[PDB]
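We count ligands from 1, going down the list as the structure has it; atoms in each ligand are counted the same way. Just so it is clear, the values below take in all heavy atoms, side chains as well, and ignore hydrogens, waters and symmetry mates. The sequence lines fix the lettering, A, B, ..., with proteins before strands; numbering per chain opens at 1.
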Amino acid sequence: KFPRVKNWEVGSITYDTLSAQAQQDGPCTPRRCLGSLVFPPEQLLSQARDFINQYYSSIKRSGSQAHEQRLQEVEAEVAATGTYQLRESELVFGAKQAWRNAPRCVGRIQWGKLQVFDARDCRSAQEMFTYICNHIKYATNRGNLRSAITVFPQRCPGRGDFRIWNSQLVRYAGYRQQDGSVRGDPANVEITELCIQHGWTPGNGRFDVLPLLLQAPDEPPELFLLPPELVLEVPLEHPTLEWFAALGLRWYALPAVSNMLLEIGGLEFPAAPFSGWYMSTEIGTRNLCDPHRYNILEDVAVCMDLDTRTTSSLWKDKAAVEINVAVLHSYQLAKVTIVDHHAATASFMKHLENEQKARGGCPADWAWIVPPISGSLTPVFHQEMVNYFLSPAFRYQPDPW
Amino acid sequence: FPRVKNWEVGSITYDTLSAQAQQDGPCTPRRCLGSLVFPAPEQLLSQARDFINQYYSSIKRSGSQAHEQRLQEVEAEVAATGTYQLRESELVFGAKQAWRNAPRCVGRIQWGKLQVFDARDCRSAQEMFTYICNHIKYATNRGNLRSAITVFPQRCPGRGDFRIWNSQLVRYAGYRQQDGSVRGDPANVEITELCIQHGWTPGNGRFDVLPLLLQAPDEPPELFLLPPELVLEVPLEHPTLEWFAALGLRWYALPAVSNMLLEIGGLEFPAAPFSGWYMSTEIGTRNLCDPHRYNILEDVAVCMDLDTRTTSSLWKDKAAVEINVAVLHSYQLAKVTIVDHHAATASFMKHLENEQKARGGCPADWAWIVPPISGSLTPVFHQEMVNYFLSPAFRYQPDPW
Ligand code: HEM
Ligand code: HEM
Ligand SMILES: Cc1cc(N)nc(C#CCN2CCC(F)(F)CC2)c1
Ligand SMILES: Cc1cc(N)nc(C#CCN2CCC(F)(F)CC2)c1
Ligand SMILES: C[C@H](O)[C@H](O)[C@H]1CNc2nc(N)[nH]c(=O)c2N1
Ligand SMILES: C[C@H](O)[C@H](O)[C@H]1CNc2nc(N)[nH]c(=O)c2N1
Ligand SMILES: [Cl-]
Ligand SMILES: [Cl-]
Ligand SMILES: [Gd]
Ligand SMILES: [Gd]
Ligand SMILES: [Gd]
Ligand SMILES: [Zn+2]
């Protein structure tokens with residue numbers, strides 16, 4: 001009843017007993033597996049008890065003193081008001097646990113080192129902006145990146161919602177032409193349309209940093225320019241391919257996801273941006289080489305004089321590896337924290353064993369943990385994984401339009 | 001009906017074929033287990049009934065004279081004998097469907113082009129051998145490979161199974177060592193021990209072709225050596241790295257899986273080896289670079305004068321891409337059929353479009369379809385997929401020892 005999980009490199013066997021706790025049912029049934037699809041009143045008290053019980057067991061405080069105590073005040077809080085506020089340490093503990101429970105994150109070896117900014121006493125887009133701006137500057141830290149989450153006020157009935165309209169805090173523009181096709185980042189084309197709609201002058205460049213669209217509850221959004229000296233970017237150069245710099249490619253330093261919904265103990269924070277540091281394949285393989293992204297792969301291969309006339313020359317494979325080398329080299333020369341997919345996967349194997357000892361398993365999404373280049377050269381490829389839903393969690397949510 | 005998106009293009013289809021999935025898989029709504037490698041007359045009647053229905057749809061004679069005659073016939077044969085016999089046309093269709101239905105085969109654009117050898121009159125292990133040599137000969141075809149399957153007698157009450165103990169018709173010995181290491185292919189240490197135990201005189205090379213261990217019903221397995229001139233091989237060299245030839249590396253031309261059970265209309269064929277042609281990543285990435293297989297990756301990287309002390313130089317990625325280049329160039333030099341992962345995955349995308357129009361979907365195992373290097377450079381990475389079990393089917397079965 002406890003899934004047997006094998007590692008095929010070594011032959012070791014473990015049993016995922018942690019799977020027994022899954023709440024939000026996944027997309028799969030005995031009839032068919034759907035694991036590769038991207039996006040597959042007093043219920044508030046059940047999840048509240050469960051979260052509080054977690055907290056105290058994690059501080060060796062189950063069934064003692066403040067445990068009994070803290071259960072009542074939230075019971076009383078919901079009774080009177082129909083919701084509750086999290087003790088500061090609980091918000092801290094739930095944010096770290098959500099990151100710990102993110103099956104698609106390969107960087108969770110870091111889950112215990114998280115800096116939580118409490119922005120629950122917020123109102124207005126101007127208030128959001130300086131909170132975001134403090135996050136960005138703290139997390140960037142002149143390139144010595146530091147994990148951070150800013151938690152904006154939770155959700156209540158009657159009132160609108162705090163939402164960041166960008167999927168990340170730093171994204172590049174996407175402009176069309178006299179021919180439908182796109183200049184800049186095609187992923188963001190749509191929010192670039194909303195920004196220009198709300199009175200922003202589009203640039204020319206392929207690497208203009210989009211302005212933020214910040215939304216106070218029940219009020220339409222407000223365009224903000226970010227302070228440019230606050231957006232740390234890295235010009236991309238290759239260590240031995242002198243022409244690579246001339247391609248004018250750049251990527252920003254901070255990956256800061258600003259569209260997911262943090263859920264702790266039963267409360268839903270639709271605005272709660274978290275940031276870490278990049279794994280190089282995210283930039284060098286997905287952002288730059290995806291056919292529906294910057295799609296640069298063939299331009300680099302021409303420059304390398306590779307034979308693009310037959311796929312069996314593996315020119316795609318060759319150009320992709322170099323693009324990744326240029327990302328790692330550029331970030332390291334610019335002294336910005338970055339991790340290669342080999343270092344990151346091996347740390348995740350370390351994470352998995354830690355979690356086997358601590359919690360009896362770890363939810364992991366195999367399709368997202370395995371890197372998008374060189375899959376079977378990393379140890380996660382040969383590791384079987386179990387995927388399920390634990391709380392607290394980061395959840396997807398509809399676009400606020 | 002599961003909605004399936006292609007993320008490179010934007011397409012959206014619904015998998016209605018999944019609604020007919022018979023046997024159950026390993027996942028539940030609680031937990032996905034997709035990444036795991038190895039997850040009564042009346043029921044025989046209902047399987048057979050469904051297959052016969054299938055066969056008559058494919059000949060555009062559904063609900064006809066011959067259709068009900070065969071249904072009636074099969075029930076009379078199950079009642080009289082507890083089993084029934086496939087006609088030859090039904091056997092050919094059922095083996096082609098088993099390939100069509102195989103979720104972990106990326107080669108299924110070719111499913112209709114399959115050579116079916118009916119060995120169901122096979123009498124002994126010695127005749128079994130003769131049938132297998134002819135299969136290898138036909139399929140190899142001097143390097144112009146042809147897809148084939150030989151079907152040996154079905155499992156039946158009163159008599160044991162025919163079995164090929166070898167997992168493939170062509171496999172290289174793996175010998176344990178003085179210092180606990182393995183010479184040759186470590187995947188094959190167990191079967192090698194069995195051959196020696198069964199009277200084989202081992203060699204001591206790294207690429208020694210294993211003899212066949214062939215089990216006639218209620219017989220111990222019998223040893224048969226493959227005539228050297230039946231096993232086409234390919235010395236491996238690199239188009240520019242001339243020291244590569246000095247590694248002494250080879251691979252065989254024919255991939256012939258011999259340990260799977262073919263299932264048609266409820267009947268079971270525990271011995272029915274099938275074979276196609278390689279995709280270069282199986283040899284280059286998995287067979288040669290897996291740490292638990294030949295594991296040449298670091299040795300290749302040293303020779304390339306890559307810096308193997310830091311993972312961020314991407315030495316592993318660079319040495320693996322050249323190993324694949326060498327595999328492709330070597331098989332093309334020798335005029336032995338081979339497909340690279342870019343051509344293979346593009347033809348699999350055409351298979352999914354053919355299959356959507358034909359059946360309303362296609363069972364696909366994302367983690368097996370996506371190649372082990374350069375995944376997001378192939379279009380199957382960006383394709384969501386539905387995994388499920390259709391009959392007729394190839395199934396895994398326990399090792400006969
Ligand atoms: C500090 C170093 C970190 C690294 C190297 C890292 C790495 C990654 C990578 C490569 C992905 C794949 C996402 C994609 O391909 O779209 C991912 C996903 C994710 N990570 Fe991490 N991450 C880090 C920090 C964090 C932090 C601090 C949080 C939250 C507190 C977090 C939460 C998540 C979530 C929720 C996802 C799922 C994203 C999605 O579904 O789009 N990560 N991570
Ligand atoms: C004609 C060219 C073919 C190509 C290029 C091809 C390709 C592949 C590849 C790359 C795999 C994954 C195996 C692995 O990663 O270890 C696979 C699996 C498989 N293929 Fe195909 N194949 C071909 C022909 C065939 C034929 C003729 C059959 C059956 C009649 C077949 C049935 C299967 C099955 C059952 C599996 C799953 C094997 C397993 O789970 O171990 N294939 N194929
Ligand atoms: C914290 C963190 C660290 C890291 N290394 N990567 C990520 C990411 C991502 C990709 N992001 C793109 C925008 C989005 F689709 F909205 C969410 C997914 C996040
Ligand atoms: C017909 C065919 C074509 C192709 N290109 N690859 C294969 C394969 C395989 C994988 N093989 C690994 C060893 C085994 F477990 F014994 C059987 C499965 C088969
Ligand atoms: C459909 C498929 O699951 C999809 O392309 C996934 C595969 N794995 C991924 N893995 C990561 N880390 N990020 C992604 O966007 C994807 N895309
Ligand atoms: C544990 C993991 O599922 C295992 O390594 C799988 C992954 N995908 C694979 N895919 C193919 N095509 N062949 C394999 O042998 C494997 N191995
Ligand atoms: Cl990104
Ligand atoms: Cl093989
Ligand atoms: Gd030039
Ligand atoms: Gd040379
Ligand atoms: Gd050597
Ligand atoms: Zn599943």
Side-chain angles (χ1 to χ4, degrees), chain A residues 3-5 16 19 22 24-40 103-104 238 240-247 298-308 313 315 318-319 322 361-370 383-390, chain B residues 2-4 15 18 21 23-39 103-104 236-247 300-306 318-319 321-323 325-326 329-330 333 361-370 383-390:
Chain A
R4 194 199 85 145
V5 167
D16 204 299
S19 33
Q24 207 91 253
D25 285 338
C28 285
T29 67
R31 154 169 259 81
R32 37 145 198 73
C33 177
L34 292 182
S36 74
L37 279 64
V38 176
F39 311 109
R104 292 179 168 170
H238 191 283
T240 65
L241 289 172
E242 6 296 342
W243 46 260
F244 196 102
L247 287 173
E298 194 180 36
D299 286 314
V300 167
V302 180
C303 290
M304 303 168 63
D305 300 305
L306 300 171
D307 170 32
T308 58
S313 64
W315 62 269
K318 288 166 171 184
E322 295 310 329
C362 172
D365 188 330
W366 193 94
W368 279 61
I369 293 299
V370 178
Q383 171 71 57
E384 293 175 346
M385 289 172 196
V386 183
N387 190 25
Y388 46 89
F389 179 101
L390 300 176
Chain B
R3 181 159 56 75
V4 203
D15 198 300
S18 74
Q23 213 159 319
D24 276 0
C27 297
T28 83
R30 310 217 63 214
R31 30 154 212 66
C32 167
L33 282 177
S35 84
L36 260 57
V37 177
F38 305 118
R104 293 174 165 178
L236 290 184
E237 60 164 54
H238 189 277
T240 53
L241 306 169
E242 281 77 24
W243 53 259
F244 198 93
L247 270 25
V300 172
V302 165
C303 287
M304 300 189 42
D305 192 81
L306 307 183
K318 293 180 202 178
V321 157
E322 291 317 312
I323 283 160
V325 170
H329 157 78
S330 297
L333 217 71
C362 175
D365 191 322
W366 197 91
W368 279 60
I369 296 295
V370 177
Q383 173 63 57
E384 308 187 322
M385 292 171 204
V386 188
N387 194 15
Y388 49 91
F389 176 99
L390 297 182

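Residues that satisfy the side-chain contact (heavy atoms from CB on, under 4.5 Å) test with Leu247(A), not counting sequence neighbours, are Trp243(A), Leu249(A), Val300(A), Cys303(A). Taking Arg3(B) as the reference, nothing meets the salt bridge (charged side-chain N to carboxylate O under 4.0 Å, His left out) condition, with sequence neighbours excluded. With sequence neighbours left out, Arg4(A) forms a salt bridge (charged side-chain N to carboxylate O under 4.0 Å, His left out) with no residue at all.
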- Just do the side chain to side chain contact (heavy atoms under 4.5 Å, CB included) check on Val5(A) and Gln383(A) with the steps written out, would you? CA-CA 8 Å; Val5(A) 167; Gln383(A) 171 71 57; 3.3 Å; yes
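Distances from the Zn ion (ligand 12) under 2.8 Å pick out these protein N/O/S atoms: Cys28(A) SG, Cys33(A) SG, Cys27(B) SG, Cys32(B) SG.
Under a 3.5 Å cut-off, the side chain of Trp315(A) and the backbone N or O of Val302(A) do not form any donor-acceptor pair. A donor-acceptor pair under 3.5 Å is absent between the side-chain atoms of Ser35(B) and the main chain of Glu384(A), judged by distance alone.
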